[PDB]
Amino acid sequence: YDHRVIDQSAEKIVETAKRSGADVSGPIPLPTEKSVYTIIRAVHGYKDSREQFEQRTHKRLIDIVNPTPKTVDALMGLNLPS
RNA sequence: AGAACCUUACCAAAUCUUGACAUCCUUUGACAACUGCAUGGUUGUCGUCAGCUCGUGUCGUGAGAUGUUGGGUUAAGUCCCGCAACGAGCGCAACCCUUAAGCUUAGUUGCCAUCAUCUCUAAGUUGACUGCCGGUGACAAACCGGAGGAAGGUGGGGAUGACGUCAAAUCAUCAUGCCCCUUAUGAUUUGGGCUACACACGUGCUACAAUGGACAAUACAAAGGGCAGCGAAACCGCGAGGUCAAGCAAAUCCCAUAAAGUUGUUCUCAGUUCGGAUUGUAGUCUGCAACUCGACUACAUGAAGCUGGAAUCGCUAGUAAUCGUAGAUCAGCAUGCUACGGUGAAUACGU
Numbered sequence: 013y014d015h016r017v018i019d020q021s022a023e024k025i026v027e028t029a030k031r032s033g034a035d036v037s038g039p040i041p042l043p044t045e046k047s048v049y050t051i052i053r054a055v056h057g058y059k060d061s062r063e064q065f066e067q068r069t070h071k072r073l074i075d076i077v078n079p080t081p082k083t084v085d086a087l088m089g090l091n092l093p094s
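Residues in the first sequence are numbered from 13 upward in steps of one, following the entry's author numbering.
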């Protein structure tokens with residue numbers, strides 16, 4: 013989802029990786045697909061007001077050279093809300 | 001944003017009557033099931049047209065004026081010069097995700113300069129504010145221009161839809177003045193009905209030709225989708241089916257080595273060798289079902305139509321003409337509906 017939280021975490025993971033002995037090689041951003049809804053704005057009798065609603069989901073995997081198992085244990089729990 | 005029994009909302013038989021939609025020890029079945037003209041709220045509309053104004057001082061017996069008039073500019077009471085006026089908030093402008101050349105930075109299921117086997121992907125930031133420039137316009141807010149300009153003077157668009165509406169579209173999205181149904185069709189299965197036709201019609205569509213018909217073999221993008229489920233490669237009635245087999249939880253697997261197209265191109269205007277409606281017996285998907293009432297496939301079959309009276313409407317270059325596609329509502333069907341890519345011509349002297 014939101015991108016003010018994930019890249020806020022994208023340098024704390026290095027602090028976890030440089031704690032146990034993991035060397036990072038730039039985890040890369042992944043693309044984002046926008047699902048498109050277009051519902052009518054008035055209910056009865058009318059059609060031609062087509063209100064716009066979307067939804068965003070930013071994919072992001074973590075690509076390094078040396079995933080050390082003392083680092084991976086606290087890796088994927090800082091990005092996604094409920 | 002899907003009529004085979006859809007929402008039985010409507011109509012016949014039956015049924016149950018706190019139930020069969022908030023209900024019930026899962027049709028009673030210990031258990032596994034054996035009136036918008038009374039109203040809120042959203043919104044249709046003039047209208048992406050630019051305005052509707054109040055505090056507060058004064059002139060007027062008084063409703064009311066003045067400021068908002070005037071001089072010039074100016075998308076727009078937009079901006080600066082005058083005056084019995086002085087301020088002031090609303091919205092276009094203003095806050096802006098998305099848009100058009102960047103360095104440090106970040107090398108996947110991605111691009112590898114070299115051996116061969118830059119951007120998208122987001123981030124603080126960088127850039128056009130008349131900021132300064134020759135003119136003149138009181139120097140007072142603009143002028144073709146221009147130094148940085150790949151990007152002109154709101155760059156190209158979009159969420160942005162005023163004050164105020166025509167008791168006007170909606171009691172069928174939704175609660176209630178009447179509980180917009182609770183014991184009446186109120187509700188539950190098949191069956192009928194929305195689906196037929198003499199016509200009138202909103203609007204779109206396959207077309208009427210050689211700006212072409214057979215089009216076999218023949219290059220490329222973008223934007224989506226998937227453990228409801230995406231189904232290639234070698235390769236089955238050529239074909240209705242994408243069998244078989246692999247990969248698939250998402251850039252890779254698949255949809256899908258699309259589309260404008262180029263070398264072939266035999267046809268000679270023969271109502272056709274242009275064209276589709278539909279007929280007609282076998283044949284696939286679907287389930288309880290293909291009568292009334294689906295949708296695909298080709299062998300065999302082709303009536304009106306040789307570019308359209310009076311009449312209607314679209315639009316200034318990434319639109320117009322359109323071949324092609326990308327999705328939700330589904331066991332199953334839309335040209336609808338709405339998000340992307342290719343060539344991309346015509347015309348602005350003026351009111």
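All C-beta atoms, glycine included, are put in the ideal place defined by N, C-alpha and C.
- Classified as exposed, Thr69 has fewer than 16 neighbouring CB atoms from the shown chains inside 10 Å of its CB.
- If the five residues before and after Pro93 are omitted, its C-beta is found closer than 7 Å to the C-beta atoms of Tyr13, all from its own chain and listed in chain order.
- In this structure, the alpha-carbon of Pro79 lies about 13 Å from that of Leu73.
- According to the DSSP assignment, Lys82 belongs to the alpha helix (DSSP H) that extends over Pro81 to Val84.
- Straight-line measurement puts the Cα of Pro39 at about 12 Å from the Cα of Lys71.
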